[PDB]
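S.K.: Dropping in run34.cif, which is mmCIF, C-alpha atoms; chains and numbers go by the auth columns:
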data_model
#
loop_
_atom_site.group_PDB
_atom_site.id
_atom_site.type_symbol
_atom_site.label_atom_id
_atom_site.label_comp_id
_atom_site.label_asym_id
_atom_site.label_seq_id
_atom_site.Cartn_x
_atom_site.Cartn_y
_atom_site.Cartn_z
_atom_site.B_iso_or_equiv
_atom_site.auth_seq_id
_atom_site.auth_asym_id
ATOM 1 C CA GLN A 1 -13.766 -4.792 -15.574 0.00 371 H
ATOM 2 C CA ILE A 2 -14.632 -7.225 -12.692 0.00 372 H
ATOM 3 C CA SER A 3 -11.076 -8.535 -12.988 0.00 373 H
ATOM 4 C CA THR A 4 -9.747 -4.926 -13.038 0.00 374 H
ATOM 5 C CA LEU A 5 -11.650 -4.274 -9.699 0.00 375 H
ATOM 6 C CA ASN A 6 -10.247 -7.387 -7.984 0.00 376 H
ATOM 7 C CA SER A 7 -6.747 -6.384 -8.940 0.00 377 H
ATOM 8 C CA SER A 8 -7.250 -2.753 -7.602 0.00 378 H
ATOM 9 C CA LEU A 9 -8.889 -4.005 -4.361 0.00 379 H
ATOM 10 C CA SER A 10 -5.949 -6.476 -3.702 0.00 380 H
ATOM 11 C CA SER A 11 -3.386 -3.551 -3.968 0.00 381 H
ATOM 12 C CA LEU A 12 -5.590 -1.260 -1.811 0.00 382 H
ATOM 13 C CA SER A 13 -6.054 -3.954 0.862 0.00 383 H
ATOM 14 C CA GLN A 14 -2.345 -4.938 0.878 0.00 384 H
ATOM 15 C CA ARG A 15 -1.504 -1.253 1.458 0.00 385 H
ATOM 16 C CA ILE A 16 -3.980 -1.029 4.350 0.00 386 H
ATOM 17 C CA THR A 17 -2.590 -4.258 5.850 0.00 387 H
ATOM 18 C CA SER A 18 1.086 -3.312 5.779 0.00 388 H
ATOM 19 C CA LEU A 19 -0.071 0.084 7.273 0.00 389 H
ATOM 20 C CA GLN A 20 -1.857 -1.865 10.124 0.00 390 H
ATOM 21 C CA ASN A 21 1.264 -3.735 10.792 0.00 391 H
ATOM 22 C CA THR A 22 3.399 -0.551 10.771 0.00 392 H
ATOM 23 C CA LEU A 23 1.069 1.405 13.032 0.00 393 H
ATOM 24 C CA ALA A 24 1.133 -1.405 15.664 0.00 394 H
ATOM 25 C CA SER A 25 4.940 -1.205 15.799 0.00 395 H
ATOM 26 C CA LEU A 26 4.715 2.626 16.175 0.00 396 H
ATOM 27 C CA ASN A 27 2.092 2.250 18.973 0.00 397 H
ATOM 28 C CA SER A 28 4.604 0.073 20.794 0.00 398 H
ATOM 29 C CA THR A 29 7.306 2.600 20.311 0.00 399 H
ATOM 30 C CA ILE A 30 5.053 5.332 21.902 0.00 400 H
ATOM 31 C CA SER A 31 4.414 3.193 25.063 0.00 401 H
ATOM 32 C CA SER A 32 8.260 2.557 25.292 0.00 402 H
ATOM 33 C CA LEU A 33 9.114 6.317 24.876 0.00 403 H
ATOM 34 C CA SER A 34 6.736 7.495 27.426 0.00 404 H
ATOM 35 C CA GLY A 35 8.291 4.912 29.614 0.00 405 H
ATOM 36 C CA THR A 36 11.830 6.236 28.902 0.00 406 H
ATOM 37 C CA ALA A 37 10.737 9.776 29.895 0.00 407 H
ATOM 38 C CA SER A 38 8.931 8.381 33.038 0.00 408 H
ATOM 39 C CA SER A 39 12.227 6.656 34.284 0.00 409 H
ATOM 40 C CA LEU A 40 14.249 9.814 33.378 0.00 410 H
ATOM 41 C CA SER A 41 11.658 11.855 35.488 0.00 411 H
ATOM 42 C CA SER A 42 12.129 9.684 38.626 0.00 412 H
ATOM 43 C CA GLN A 43 15.864 9.953 38.207 0.00 413 H
ATOM 44 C CA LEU A 44 15.678 13.729 37.783 0.00 414 H
ATOM 45 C CA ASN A 45 13.612 14.134 41.043 0.00 415 H
ATOM 46 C CA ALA A 46 15.932 11.888 42.950 0.00 416 H
ATOM 47 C CA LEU A 47 18.876 13.900 41.830 0.00 417 H
ATOM 48 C CA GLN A 48 17.007 17.184 42.715 0.00 418 H
ATOM 49 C CA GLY A 49 16.644 15.683 46.362 0.00 419 H
ATOM 50 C CA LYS A 50 20.324 14.894 46.395 0.00 420 H
ATOM 51 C CA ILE A 51 21.396 18.449 45.442 0.00 421 H
ATOM 52 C CA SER A 52 19.053 19.837 48.183 0.00 422 H
ATOM 53 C CA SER A 53 20.744 17.690 50.915 0.00 423 H
ATOM 54 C CA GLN B 1 -22.791 1.154 -10.918 0.00 371 M
ATOM 55 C CA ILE B 2 -19.215 0.014 -11.800 0.00 372 M
ATOM 56 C CA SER B 3 -18.511 3.528 -12.899 0.00 373 M
ATOM 57 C CA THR B 4 -19.563 4.678 -9.504 0.00 374 M
ATOM 58 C CA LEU B 5 -17.265 1.921 -7.909 0.00 375 M
ATOM 59 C CA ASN B 6 -14.359 3.229 -10.017 0.00 376 M
ATOM 60 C CA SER B 7 -15.077 6.715 -8.646 0.00 377 M
ATOM 61 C CA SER B 8 -14.903 5.329 -5.065 0.00 378 M
ATOM 62 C CA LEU B 9 -11.595 3.428 -5.894 0.00 379 M
ATOM 63 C CA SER B 10 -9.952 6.616 -7.309 0.00 380 M
ATOM 64 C CA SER B 11 -10.848 8.457 -4.096 0.00 381 M
ATOM 65 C CA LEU B 12 -9.693 5.628 -1.900 0.00 382 M
ATOM 66 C CA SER B 13 -6.460 5.365 -3.806 0.00 383 M
ATOM 67 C CA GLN B 14 -5.717 9.181 -3.226 0.00 384 M
ATOM 68 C CA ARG B 15 -6.664 8.854 0.474 0.00 385 M
ATOM 69 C CA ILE B 16 -4.512 5.799 1.059 0.00 386 M
ATOM 70 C CA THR B 17 -1.465 7.479 -0.691 0.00 387 M
ATOM 71 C CA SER B 18 -2.070 10.442 1.715 0.00 388 M
ATOM 72 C CA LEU B 19 -2.404 8.104 4.702 0.00 389 M
ATOM 73 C CA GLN B 20 0.977 6.585 3.863 0.00 390 M
ATOM 74 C CA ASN B 21 2.473 10.093 3.656 0.00 391 M
ATOM 75 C CA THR B 22 1.027 11.096 7.172 0.00 392 M
ATOM 76 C CA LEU B 23 2.344 7.691 8.665 0.00 393 M
ATOM 77 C CA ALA B 24 5.839 8.242 7.121 0.00 394 M
ATOM 78 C CA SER B 25 5.928 11.797 8.627 0.00 395 M
ATOM 79 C CA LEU B 26 4.977 10.417 12.022 0.00 396 M
ATOM 80 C CA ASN B 27 7.748 7.687 11.848 0.00 397 M
ATOM 81 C CA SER B 28 10.298 10.549 11.333 0.00 398 M
ATOM 82 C CA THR B 29 8.641 12.141 14.434 0.00 399 M
ATOM 83 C CA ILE B 30 9.146 8.839 16.369 0.00 400 M
ATOM 84 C CA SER B 31 12.734 8.751 15.330 0.00 401 M
ATOM 85 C CA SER B 32 12.988 12.450 16.503 0.00 402 M
ATOM 86 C CA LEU B 33 11.495 11.422 19.887 0.00 403 M
ATOM 87 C CA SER B 34 14.005 8.626 20.370 0.00 404 M
ATOM 88 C CA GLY B 35 16.765 11.280 19.597 0.00 405 M
ATOM 89 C CA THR B 36 15.337 13.745 22.282 0.00 406 M
ATOM 90 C CA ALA B 37 15.143 10.840 24.844 0.00 407 M
ATOM 91 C CA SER B 38 18.796 9.979 24.089 0.00 408 M
ATOM 92 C CA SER B 39 19.971 13.650 24.440 0.00 409 M
ATOM 93 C CA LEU B 40 18.268 13.921 27.741 0.00 410 M
ATOM 94 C CA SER B 41 19.992 10.731 29.102 0.00 411 M
ATOM 95 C CA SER B 42 23.362 12.148 27.784 0.00 412 M
ATOM 96 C CA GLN B 43 22.716 15.498 29.690 0.00 413 M
ATOM 97 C CA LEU B 44 21.785 13.589 32.928 0.00 414 M
ATOM 98 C CA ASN B 45 24.690 11.226 32.983 0.00 415 M
ATOM 99 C CA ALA B 46 27.027 14.246 32.501 0.00 416 M
ATOM 100 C CA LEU B 47 25.060 15.963 35.375 0.00 417 M
ATOM 101 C CA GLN B 48 25.662 12.896 37.648 0.00 418 M
ATOM 102 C CA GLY B 49 29.369 12.846 36.900 0.00 419 M
ATOM 103 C CA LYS B 50 29.498 16.443 37.996 0.00 420 M
ATOM 104 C CA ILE B 51 27.383 15.431 41.021 0.00 421 M
ATOM 105 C CA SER B 52 30.049 12.819 42.117 0.00 422 M
ATOM 106 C CA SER B 53 32.980 15.413 41.940 0.00 423 M
#
Write the structure described by the file as structure tokens, please.

M.R.:
Amino acid sequence: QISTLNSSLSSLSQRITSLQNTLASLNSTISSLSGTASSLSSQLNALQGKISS
Amino acid sequence: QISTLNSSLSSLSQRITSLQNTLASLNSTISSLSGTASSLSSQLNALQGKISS
């Protein structure tokens, strides 16, 4: 049974660790997206000023 | 006490399968977000072309 526990913990940990890795890439992707929207917003408002003129 | 550790590992194993599922859903959501960013760029560049005529 001690062996059985070690084997279960290694699988459980390896799952957590891949999930850490994956989350960090998705965190990055959220900073990038917000950034896309933020550039698109500036460009919208500039265009809005152009149509007004 | 090991029995009690098994009981914690069973719970942890259900929770981590569920955590995977929630992270997988969210990654579809991130993909979705990237699509909505792309559509909005498409609509703007069309809107600028019209702006030049």

S.K.: Contacts from chain M to chain H, 10 Å maximum, only C-alpha atoms: show me the residue list as an MDAnalysis selection string.

M.R.: chainID M and resid 372:373 375:376 379:380 382:383 386:387 389:390 393:394 396:397 400:401 403:404 406:408 410:411 414 417:418 421

S.K.: Both chains have the same sequence, so match all Cα atoms in order, fit chain H onto chain M by least squares, and return it as a PDB file with C-alpha atoms, in the coordinates of the input.

M.R.:
ATOM      1  CA  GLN H 371     -22.253   0.807 -11.777  1.00  0.00           C
ATOM      2  CA  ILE H 372     -18.711   0.318 -13.258  1.00  0.00           C
ATOM      3  CA  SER H 373     -18.384   4.105 -13.222  1.00  0.00           C
ATOM      4  CA  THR H 374     -19.708   4.189  -9.612  1.00  0.00           C
ATOM      5  CA  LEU H 375     -16.908   1.664  -8.621  1.00  0.00           C
ATOM      6  CA  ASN H 376     -14.124   3.699 -10.266  1.00  0.00           C
ATOM      7  CA  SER H 377     -15.260   6.794  -8.450  1.00  0.00           C
ATOM      8  CA  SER H 378     -15.365   4.938  -5.020  1.00  0.00           C
ATOM      9  CA  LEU H 379     -11.949   3.289  -5.628  1.00  0.00           C
ATOM     10  CA  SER H 380     -10.329   6.721  -6.511  1.00  0.00           C
ATOM     11  CA  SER H 381     -11.561   8.211  -3.126  1.00  0.00           C
ATOM     12  CA  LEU H 382     -10.472   5.068  -1.204  1.00  0.00           C
ATOM     13  CA  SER H 383      -7.015   5.072  -2.837  1.00  0.00           C
ATOM     14  CA  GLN H 384      -6.511   8.846  -2.359  1.00  0.00           C
ATOM     15  CA  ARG H 385      -7.295   8.348   1.351  1.00  0.00           C
ATOM     16  CA  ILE H 386      -4.773   5.499   1.614  1.00  0.00           C
ATOM     17  CA  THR H 387      -2.147   7.594  -0.208  1.00  0.00           C
ATOM     18  CA  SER H 388      -2.433  10.729   1.914  1.00  0.00           C
ATOM     19  CA  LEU H 389      -2.329   8.313   4.957  1.00  0.00           C
ATOM     20  CA  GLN H 390       0.975   6.815   3.558  1.00  0.00           C
ATOM     21  CA  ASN H 391       2.389  10.220   3.268  1.00  0.00           C
ATOM     22  CA  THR H 392       1.275  11.188   6.806  1.00  0.00           C
ATOM     23  CA  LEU H 393       2.580   8.019   8.424  1.00  0.00           C
ATOM     24  CA  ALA H 394       6.059   8.559   6.866  1.00  0.00           C
ATOM     25  CA  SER H 395       6.242  12.023   8.453  1.00  0.00           C
ATOM     26  CA  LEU H 396       5.179  10.517  11.839  1.00  0.00           C
ATOM     27  CA  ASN H 397       7.828   7.739  11.495  1.00  0.00           C
ATOM     28  CA  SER H 398      10.406  10.490  11.100  1.00  0.00           C
ATOM     29  CA  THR H 399       9.123  12.273  14.116  1.00  0.00           C
ATOM     30  CA  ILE H 400       9.523   9.033  16.217  1.00  0.00           C
ATOM     31  CA  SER H 401      13.224   8.616  15.167  1.00  0.00           C
ATOM     32  CA  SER H 402      13.803  12.371  16.069  1.00  0.00           C
ATOM     33  CA  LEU H 403      12.067  12.022  19.520  1.00  0.00           C
ATOM     34  CA  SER H 404      13.924   9.012  20.537  1.00  0.00           C
ATOM     35  CA  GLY H 405      16.958  10.942  19.566  1.00  0.00           C
ATOM     36  CA  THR H 406      15.933  13.930  21.756  1.00  0.00           C
ATOM     37  CA  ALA H 407      15.520  11.609  24.782  1.00  0.00           C
ATOM     38  CA  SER H 408      18.892   9.866  23.956  1.00  0.00           C
ATOM     39  CA  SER H 409      20.796  13.295  24.047  1.00  0.00           C
ATOM     40  CA  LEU H 410      18.865  14.309  27.229  1.00  0.00           C
ATOM     41  CA  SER H 411      19.989  10.893  28.777  1.00  0.00           C
ATOM     42  CA  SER H 412      23.719  11.525  28.090  1.00  0.00           C
ATOM     43  CA  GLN H 413      23.359  14.989  29.528  1.00  0.00           C
ATOM     44  CA  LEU H 414      21.574  13.666  32.616  1.00  0.00           C
ATOM     45  CA  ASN H 415      24.385  11.082  33.306  1.00  0.00           C
ATOM     46  CA  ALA H 416      27.062  13.661  32.810  1.00  0.00           C
ATOM     47  CA  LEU H 417      25.384  15.939  35.253  1.00  0.00           C
ATOM     48  CA  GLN H 418      24.938  12.994  37.740  1.00  0.00           C
ATOM     49  CA  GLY H 419      28.867  12.550  37.507  1.00  0.00           C
ATOM     50  CA  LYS H 420      29.313  16.231  38.151  1.00  0.00           C
ATOM     51  CA  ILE H 421      27.161  16.238  41.323  1.00  0.00           C
ATOM     52  CA  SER H 422      29.119  13.162  42.600  1.00  0.00           C
ATOM     53  CA  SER H 423      32.505  14.990  42.237  1.00  0.00           C
TER      54      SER H 423
END

S.K.: Once you add 8 Å to each side, what are the centre and edge lengths of the axis-aligned box holding all listed atoms of region 384-393 of chain H? One decimal in Å, as lines of an AutoDock Vina configuration file, if you can.

M.R.:
center_x = -0.3
center_y = -1.8
center_z = 7.0
size_x = 23.4
size_y = 22.3
size_z = 28.2

S.K.: Between CA of residue 423 (chain M) and CA of residue 412 (chain H), what distance in Å does the model show, to one decimal?

M.R.: 21.9 Å

S.K.: What is the CA of residue 409 (chain M)-CA of residue 416 (chain H) distance in Å, reported with one decimal?

M.R.: 19.0 Å

S.K.: To one decimal in Å, tell me the separation between CA of residue 395 (chain M) and CA of residue 377 (chain M).

M.R.: 27.7 Å

S.K.: Where atoms are missing, can you supply N, CA, C and O atoms for region 402-415 of chain H and output the lot as a PDB file, keeping the file's coordinate frame?

M.R.:
ATOM      1  N   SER H 402       6.871   2.646  24.958  1.00  0.00           N
ATOM      2  CA  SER H 402       8.260   2.557  25.292  1.00  0.00           C
ATOM      3  C   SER H 402       8.887   3.927  25.595  1.00  0.00           C
ATOM      4  O   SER H 402       9.441   4.020  26.641  1.00  0.00           O
ATOM      5  N   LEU H 403       8.643   4.962  24.707  1.00  0.00           N
ATOM      6  CA  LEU H 403       9.114   6.317  24.876  1.00  0.00           C
ATOM      7  C   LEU H 403       8.658   7.049  25.993  1.00  0.00           C
ATOM      8  O   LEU H 403       9.349   7.703  26.679  1.00  0.00           O
ATOM      9  N   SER H 404       7.317   6.842  26.274  1.00  0.00           N
ATOM     10  CA  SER H 404       6.736   7.495  27.426  1.00  0.00           C
ATOM     11  C   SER H 404       7.372   6.957  28.648  1.00  0.00           C
ATOM     12  O   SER H 404       7.699   7.714  29.598  1.00  0.00           O
ATOM     13  N   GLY H 405       7.581   5.595  28.559  1.00  0.00           N
ATOM     14  CA  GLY H 405       8.291   4.912  29.614  1.00  0.00           C
ATOM     15  C   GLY H 405       9.694   5.409  29.838  1.00  0.00           C
ATOM     16  O   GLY H 405      10.167   5.492  30.966  1.00  0.00           O
ATOM     17  N   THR H 406      10.488   5.731  28.773  1.00  0.00           N
ATOM     18  CA  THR H 406      11.830   6.236  28.902  1.00  0.00           C
ATOM     19  C   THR H 406      11.799   7.530  29.733  1.00  0.00           C
ATOM     20  O   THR H 406      12.589   7.654  30.632  1.00  0.00           O
ATOM     21  N   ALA H 407      10.872   8.480  29.321  1.00  0.00           N
ATOM     22  CA  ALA H 407      10.737   9.776  29.895  1.00  0.00           C
ATOM     23  C   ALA H 407      10.408   9.643  31.398  1.00  0.00           C
ATOM     24  O   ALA H 407      10.839  10.463  32.227  1.00  0.00           O
ATOM     25  N   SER H 408       9.503   8.620  31.744  1.00  0.00           N
ATOM     26  CA  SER H 408       8.931   8.381  33.038  1.00  0.00           C
ATOM     27  C   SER H 408      10.087   7.976  33.941  1.00  0.00           C
ATOM     28  O   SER H 408      10.224   8.522  35.020  1.00  0.00           O
ATOM     29  N   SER H 409      11.017   7.019  33.490  1.00  0.00           N
ATOM     30  CA  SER H 409      12.227   6.656  34.284  1.00  0.00           C
ATOM     31  C   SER H 409      13.162   7.809  34.522  1.00  0.00           C
ATOM     32  O   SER H 409      13.720   7.905  35.606  1.00  0.00           O
ATOM     33  N   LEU H 410      13.377   8.655  33.460  1.00  0.00           N
ATOM     34  CA  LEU H 410      14.249   9.814  33.378  1.00  0.00           C
ATOM     35  C   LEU H 410      13.694  10.860  34.395  1.00  0.00           C
ATOM     36  O   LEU H 410      14.465  11.487  35.154  1.00  0.00           O
ATOM     37  N   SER H 411      12.320  10.976  34.526  1.00  0.00           N
ATOM     38  CA  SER H 411      11.658  11.855  35.488  1.00  0.00           C
ATOM     39  C   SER H 411      11.911  11.504  36.976  1.00  0.00           C
ATOM     40  O   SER H 411      12.072  12.379  37.836  1.00  0.00           O
ATOM     41  N   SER H 412      11.888  10.173  37.297  1.00  0.00           N
ATOM     42  CA  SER H 412      12.129   9.684  38.626  1.00  0.00           C
ATOM     43  C   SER H 412      13.503  10.023  38.997  1.00  0.00           C
ATOM     44  O   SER H 412      13.808  10.506  40.121  1.00  0.00           O
ATOM     45  N   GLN H 413      14.470   9.705  38.062  1.00  0.00           N
ATOM     46  CA  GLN H 413      15.864   9.953  38.207  1.00  0.00           C
ATOM     47  C   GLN H 413      16.240  11.430  38.337  1.00  0.00           C
ATOM     48  O   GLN H 413      17.072  11.814  39.169  1.00  0.00           O
ATOM     49  N   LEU H 414      15.533  12.329  37.618  1.00  0.00           N
ATOM     50  CA  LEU H 414      15.678  13.729  37.783  1.00  0.00           C
ATOM     51  C   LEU H 414      15.370  14.224  39.208  1.00  0.00           C
ATOM     52  O   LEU H 414      16.193  14.933  39.818  1.00  0.00           O
ATOM     53  N   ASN H 415      14.128  13.808  39.737  1.00  0.00           N
ATOM     54  CA  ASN H 415      13.612  14.134  41.043  1.00  0.00           C
ATOM     55  C   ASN H 415      14.463  13.561  42.155  1.00  0.00           C
ATOM     56  O   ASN H 415      14.720  14.203  43.176  1.00  0.00           O
TER      57      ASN H 415
END
